[PDB]
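Read the structure below first, then the notes.
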Amino acid sequence: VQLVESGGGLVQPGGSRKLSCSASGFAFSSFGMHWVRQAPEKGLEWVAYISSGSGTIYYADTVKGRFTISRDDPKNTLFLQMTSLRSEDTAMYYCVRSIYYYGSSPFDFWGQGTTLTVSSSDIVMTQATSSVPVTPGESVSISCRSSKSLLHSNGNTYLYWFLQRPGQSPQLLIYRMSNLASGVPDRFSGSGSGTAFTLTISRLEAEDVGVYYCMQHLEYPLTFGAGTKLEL
Amino acid sequence: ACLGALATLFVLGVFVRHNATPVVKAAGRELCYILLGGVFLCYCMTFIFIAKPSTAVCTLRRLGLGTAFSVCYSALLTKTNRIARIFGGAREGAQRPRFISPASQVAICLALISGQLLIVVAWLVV
Amino acid sequence: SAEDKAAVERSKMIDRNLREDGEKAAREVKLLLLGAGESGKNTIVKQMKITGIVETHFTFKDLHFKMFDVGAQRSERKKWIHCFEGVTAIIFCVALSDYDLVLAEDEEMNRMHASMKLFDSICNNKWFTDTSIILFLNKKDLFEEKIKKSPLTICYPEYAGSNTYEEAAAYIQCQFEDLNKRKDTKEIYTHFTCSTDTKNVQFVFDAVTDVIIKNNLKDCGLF
Amino acid sequence: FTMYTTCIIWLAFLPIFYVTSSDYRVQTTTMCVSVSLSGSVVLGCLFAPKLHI
Amino acid sequence: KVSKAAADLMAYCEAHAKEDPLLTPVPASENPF
Amino acid sequence: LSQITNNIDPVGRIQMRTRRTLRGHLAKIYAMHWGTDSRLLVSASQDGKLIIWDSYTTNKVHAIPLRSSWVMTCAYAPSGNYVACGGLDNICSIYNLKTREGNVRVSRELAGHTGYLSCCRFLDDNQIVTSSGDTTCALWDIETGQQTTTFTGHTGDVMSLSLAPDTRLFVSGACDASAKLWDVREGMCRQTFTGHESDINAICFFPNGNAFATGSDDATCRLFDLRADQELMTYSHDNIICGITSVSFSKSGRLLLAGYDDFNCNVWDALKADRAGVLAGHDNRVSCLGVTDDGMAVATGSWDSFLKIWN
């Protein structure tokens with residue numbers, strides 16, 4: 001149930017350290033894990049992914065051949081080796097679980113992660129807005145675009161929405177842009193065509209200051225984008 | 001060789017005449033059939049060895065000798081493997097071991113014969 | 001096939017897990033138990049290591065035995081037996097001393113007659129034609145005492161013989177082994193059981209090994 | 001037992017042809033009788049239950 | 001009456017027969033199976 | 001009445017082939033209940049497992065073990081969140097599908113019967129109904145795990161149960177050659193139908209909620225209504241001797257999907273009373289016929305560990 005990370009601190013570019021994410025309270029042998037990081041100035045970016053049960057491997061374009069990740073089900077741990085570190089990797093690494101099947105809820109629960117500082121084909125998707133003032137209780141309708149048509153052969157779109165509250169884990173809001181996940185109220189309504197997407201929120205509540213992010217799962221590269229922040 | 005072929009034909013006939021008896025049912029029916037075929041092919045090879053040597057006849061010799069030996073060897077190997085199965089199955093759980101059906105054993109011995117033919121033609125083309 | 005790759009990988013993983021579980025289950029031979037009420041069930045299920053039916057599992061000589069005691073079943077036998085295909089053998093527990101007694105169901109039929117009717121019913125069905133039966137004979141000392149006290153002529157009128165235990169046991173060995181239509185595919189293994197002669201699991205072990213060997217040979221036509 | 005007998009027959013016939021391979025003028029004639037003896041040995045191994053019945 | 005029930009069942013089977021793929025030649029391309 | 005049903009034009013000989021070959025089971029299949037979304041189905045293995053198969057992509061998602069090795073039947077919730085399992089140990093386990101921190105976890109074990117769970121069904125998320133083997137097809141709850149209504153009135157034992165789209169009534173056939181129409185509200189039996197000789201193996205229900213068909217082991221099917229109190233139509237065959245073990249209806253109700261023990265199934269016509277098509281292709285006898293709510297798939301659960309969608 002919990003996802004606790006440890007092993008952070010000040011490191012040197014090109015050094016060595018051991019990072020793990022301890023998790024207990026679920027079937028770790030039937031849940032794929034991600035390592036999506038969050039930079040303080042740059043949006044999230046997925047780097048690596050292991051299938052459920054030490055299966056297939058998924059990497060990014062600028063990481064293939066540099067990083068190495070292993071898992072241990074009897075030990076229930078994740079072994080990460082950080083080598084050839086650059087001065088531009090300041091981010092918040094997460095230990096997020098996911099399961100994929102018919103009607104599943106991928107990226108349901110996200111980890112906490114630890115921070116670290118240092119001294120001195122591909123699918124891309126753009127956003128619409130950056131930071132606009134939104135008053136609570138106005139039925140906000142957020143829009144988003146894409147660079148591809150979400151018209152897969154199965155007959156459903158692949159657009160997940162996430163929100164990072166201050167000091168709170170980036171929990172899931174809605175999966176497949178048409179089915180609400182667990183832990184959210186019955187106020188989000190997602191729709192749109194294969195290219196453009198929209199999400200209406202009526203009867204807003206307090207603490208709605210998190211930034212919204214979108215994610216597509218048509219291919220291996222997972223890009224969140226810049227981010228559309230909401231003000232008071 | 002003619003006497004051996006006659007004996008093989010007679011024993012094959014007396015095997016196929018009565019098949020409901022447990023004597024011929026204990027060993028593999030298809031296995032004993034292919035073993036008798038391999039013995040008959042050994043006798044045909046003995047016939048061919050005494051003939052006018054020709055490139056076609058000589059290639060037929062080179063293939064048929066190995067084929068006739070390998071058929072008998074693979075039939076005996078399959079029979080003894082089934083005997084190892086009956087010996088080791090009672091010690092383990094109550095499950096049907098892999099490759100137990102008669103057609104599966106025919107496929108296995110035919111694959112062994114095909115491998116023998118493959119290696120003999122791979123050395124023949126040189 | 002783009003986003004469904006994880007689904008197919010999880011399907012293959014759980015399919016490998018199901019195949020492993022099925023191979024582990026096939027390693028455990030399944031046996032059922034039948035008989036009358038209190039026919040010697042506790043004497044054989046209490047020596048092993050171990051409403052609805054009871055299912056126990058015990059390892060012996062690197063072999064897992066899964067015993068299924070039906071016991072009390074309010075429903076009729078025609079239903080749960082009709083859906084019991086895939087078993088190696090069955091067990092029939094009876095007590096030879098239950099020949100002078102009458103069950104408290106009709107006060108007109110003998111307990112041995114009811115056991116013979118149950119045997120003829122479970123041996124003349126389309127589901128237990130290739131299944132063997134292992135007969136357990138519980139409380140043989142009670143049967144010896146009864147045959148020393150009773151001449152057995154009241155239970156079987158057509159029987160004729162002296163007053164002893166060996167010939168009566170032999171007649172029992174030839175009374176439950178002829179109700180079946182054939183003996184080539186319906187082999188029967190009979191064994192005695194009492195307070196003494198502990199560790200009778202060797203007999204059932206030999207019997208299950210023999211029946212699974214005969215089944216594997218009949219699969220390939222070797223039998 | 002018959003398989004072991006056939007195997008020792010093979011192991012006994014192998015040096016026979018290994019030493020008779022010299023002077024191939026007679027080896028070309030002994031090949032036929034050697035193959036015939038091998039076929040007869042296999043026939044005996046197979047028909048021992050048939051010969052007993 | 002049994003005739004009224006039979007007529008009602010026949011009317012229901014004839015009126016809802018358009019949305020039943022078991023009685024109509026559905027194309028195999030657009031069908032998921 | 002049999003004269004007014006002879007004027008309808010015959011639908012003719014219909015022939016349908018298989019769509020998906022659900023391979024992976026290594027034991028017998030006794031019940032394969034279908035969901036409401038016409039996409040997922042559940043299948044009850046016989047060794048230790050219960051697999052919720054997919055129909056379109058044909059890929060398994062949850063193959064969950066059970067404490068009971070023998071699973072007599074299964075039921076899939078209309079919401080797709082819980083599943084009910086039969087068996088002989090009188091434990092109708094309710095597994096939670098959409099659970100947090102895990103794949104599938106058991107919610108409650110339903111105990112308190114003496115027969116055997118033969119056919120479970122779900123009225124809603126919580127209020128569920130079972131059909132035990134000791135002539136007690138009582139209703140159950142999930143929150144408390146105790147019975148609320150007990151249905152009696154069958155002489156022998158019951159081994160079949162079917163619900164209604166109205167969810168207020170449900171008919172169930174027992175092994176005494178009688179199907180009783182119980183009401184969930186009052187708990188009593190509205191009417192018990194008579195006219196068949198052999199036992200009722202499995203029973204179906206008409207889509208509208210005014211008729212049903214029972215599966216008798218006498219090679220005879222009957223179309224019995226709810227307000228007529230009389231058998232309307234019968235379907236018999238001469239060149240067969242085995243009886244139907246599972247009956248189902250399509251989205252319209254004309255195609256009666258019957259499953260015999262001839263290692264195949266048949267499609268009867270509810271008006272012409274003639275065998276439209278024969279669905280062969282099973283090595284063993286079929287045990288269940290699951291038709292979707294929209295007639296998009298007709299799955300079969302024959303004992304050969306093969307689920308064939310004949311649509």
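Ligands are numbered from 1 in the order shown, chains are lettered A, B, ... in the order of the structure tokens, and residues start at 1 in each chain.
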
Item checked: Contacts of residue C:137 within 7 Å, only C-alpha atoms, excl. fewer than 3 positions in-chain, as a PyMOL selection string -> chain C and resi 93-96+140+191-193

Please, could you write that set of residues out with N, CA and C atoms as a compact mmCIF listing (two decimals), in the first residue's frame?
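Saved to result04.txt:
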```txt
# COMPACT_ATOMS: atom_id res chain seq x y z
N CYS C 93 -15.13 -48.09 1.46
CA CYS C 93 -14.87 -48.53 2.83
C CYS C 93 -16.11 -49.23 3.36
N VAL C 94 -15.96 -50.49 3.74
CA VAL C 94 -17.06 -51.28 4.30
C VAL C 94 -16.54 -52.06 5.50
N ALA C 95 -17.47 -52.51 6.33
CA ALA C 95 -17.17 -53.34 7.49
C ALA C 95 -17.88 -54.67 7.32
N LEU C 96 -17.10 -55.76 7.31
CA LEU C 96 -17.68 -57.08 7.14
C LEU C 96 -18.60 -57.46 8.30
N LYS C 140 -11.95 -55.91 11.08
CA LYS C 140 -11.96 -57.33 10.76
C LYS C 140 -12.06 -58.19 12.01
N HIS C 191 -8.37 -54.80 0.71
CA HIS C 191 -7.44 -54.83 1.83
C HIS C 191 -8.22 -54.78 3.13
N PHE C 192 -7.66 -55.40 4.16
CA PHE C 192 -8.26 -55.42 5.48
C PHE C 192 -7.67 -54.32 6.36
N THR C 193 -8.44 -53.91 7.36
CA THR C 193 -8.03 -52.84 8.26
C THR C 193 -8.71 -53.04 9.61
```

Note to self: Need the shell around stretch 108-119 of chain C: protein/DNA/RNA residues with any atom at most 6 Å away, counting only C-alpha atoms. Skip same-chain ones fewer than 6 positions apart. Format as a PyMOL selection string?
What the structure shows: chain C and resi 98-99+102

Under the rule of at most 10 Å, produce a per-residue listing of chain C near chain F: chain, number, name, the closest pair of atoms, and the distance in Å, as a Markdown table, using only C-alpha atoms.
```
| residue | atom | partner | partner_atom | distance |
| --- | --- | --- | --- | --- |
| C:1 | CA | F:57 | CA | 9.6 |
| C:4 | CA | F:57 | CA | 8.8 |
| C:7 | CA | F:59 | CA | 7.3 |
| C:8 | CA | F:59 | CA | 6.2 |
| C:9 | CA | F:59 | CA | 9.2 |
| C:10 | CA | F:61 | CA | 7.0 |
| C:11 | CA | F:60 | CA | 4.9 |
| C:12 | CA | F:60 | CA | 8.1 |
| C:13 | CA | F:60 | CA | 9.6 |
| C:14 | CA | F:63 | CA | 6.7 |
| C:15 | CA | F:24 | CA | 6.9 |
| C:16 | CA | F:24 | CA | 9.5 |
| C:17 | CA | F:63 | CA | 8.8 |
| C:18 | CA | F:63 | CA | 7.3 |
| C:19 | CA | F:26 | CA | 8.0 |
| C:21 | CA | F:48 | CA | 8.1 |
| C:22 | CA | F:26 | CA | 7.1 |
| C:23 | CA | F:26 | CA | 9.5 |
| C:25 | CA | F:47 | CA | 7.1 |
| C:26 | CA | F:47 | CA | 8.8 |
| C:51 | CA | F:114 | CA | 4.5 |
| C:52 | CA | F:89 | CA | 3.7 |
| C:53 | CA | F:89 | CA | 5.2 |
| C:54 | CA | F:89 | CA | 7.5 |
| C:55 | CA | F:68 | CA | 8.5 |
| C:70 | CA | F:88 | CA | 9.1 |
| C:72 | CA | F:114 | CA | 8.3 |
| C:73 | CA | F:115 | CA | 6.1 |
| C:74 | CA | F:115 | CA | 5.0 |
| C:75 | CA | F:133 | CA | 5.4 |
| C:76 | CA | F:157 | CA | 7.8 |
| C:79 | CA | F:159 | CA | 8.8 |
| C:80 | CA | F:88 | CA | 8.0 |
| C:83 | CA | F:30 | CA | 8.3 |
| C:84 | CA | F:70 | CA | 9.2 |
| C:85 | CA | F:28 | CA | 8.0 |
| C:86 | CA | F:27 | CA | 8.3 |
```

Next item on the list: as number ranges by chain, please: all residues of stretch 91-156 of chain A that backbone DSSP puts in strand (DSSP E).
Entry: A: 96-98, 116-118, 131-133, 140-144

Note to self: Show me, as a list in words, the residues that have an atom within 8 Å of residue A:171 when counting only C-alpha atoms, minus same-chain residues fewer than 2 positions from it.
What the structure shows: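 Here the qualifying residues turn out to be residues 107, 108, 109, 110, 162, 163, 164, 169 and 173 of chain A.
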
Note to self: Env of stretch 93-100 of chain B: 7 Å cut, atoms = only C-alpha atoms, seq-sep filter 5 positions within chain, self excluded. Answer as a VMD selection string.
What the structure shows: (chain B and resid 105) or (chain C and resid 26 to 29 63 212 216 220)

Produce a file of the selected residues containing C-alpha atoms, as a PDB file, in the first residue's frame.
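Produced file selection.pdb, reproduced below:
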```pdb
ATOM      1  CA  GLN B 105       6.174 -41.548 -30.685  1.00  0.00           C
TER       2      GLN B 105
ATOM      3  CA  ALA C  26      -1.664 -33.434 -11.491  1.00  0.00           C
ATOM      4  CA  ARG C  27       1.277 -34.395  -9.271  1.00  0.00           C
ATOM      5  CA  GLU C  28      -1.316 -34.899  -6.500  1.00  0.00           C
ATOM      6  CA  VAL C  29      -3.437 -37.974  -7.203  1.00  0.00           C
ATOM      7  CA  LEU C  63       3.853 -38.429  -3.615  1.00  0.00           C
ATOM      8  CA  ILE C 212      -2.194 -44.907 -13.006  1.00  0.00           C
ATOM      9  CA  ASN C 216      -1.032 -44.497 -18.983  1.00  0.00           C
ATOM     10  CA  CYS C 220      -1.023 -45.286 -25.707  1.00  0.00           C
TER      11      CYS C 220
END
```

Margin query: When you look at stretch 11-23 of chain E with a cut-off of 10 Å (counting only C-alpha atoms), what residues show up, excluding the ones that are within fewer than 3 positions of it in the same chain? I need them as a ChimeraX atom specification.
Written below: /E:5-8,26-27 /F:8,11-12,14-16,207-208,250-255,267,270-271,293-298,310-311

Next item on the list: May I have the residues within 9 Å of residue B:27 as a count of residues only, using only C-alpha atoms and disregarding those fewer than 5 positions away in the same chain?
Entry: 4

Next item on the list: For chain A, report every residue with an atom at most 8 Å from chain C (counting only C-alpha atoms), formatted as a PyMOL selection string.
Entry: chain A and resi 30+51-53+55+100-102+217-219

Note to self: Quick one: residues within 12 Å of residue B:121, only C-alpha atoms, excluding same-chain residues fewer than 2 positions away - as a PyMOL selection string?
What the structure shows: chain B and resi 59-60+62-64+66-67+114-119+123-126

Notebook entry, point to check: Please, what distance in Å, to one decimal, runs between atom CA of residue C:38 and atom CA of residue C:196?
Noted result: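 These atoms are spaced 18.3 Å apart.
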
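Across the structure, atom CA of residue B:102 and atom CA of residue B:71 are spaced 16.0 Å apart.
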
Next item on the list: For chain E, report every residue with an atom at most 12 Å from chain A (counting only C-alpha atoms), formatted as number ranges by chain.
Entry: E: 30-32

Item checked: Atom pair atom CA of residue A:196 / atom CA of residue A:34: separation (Å) -> 26.7 Å
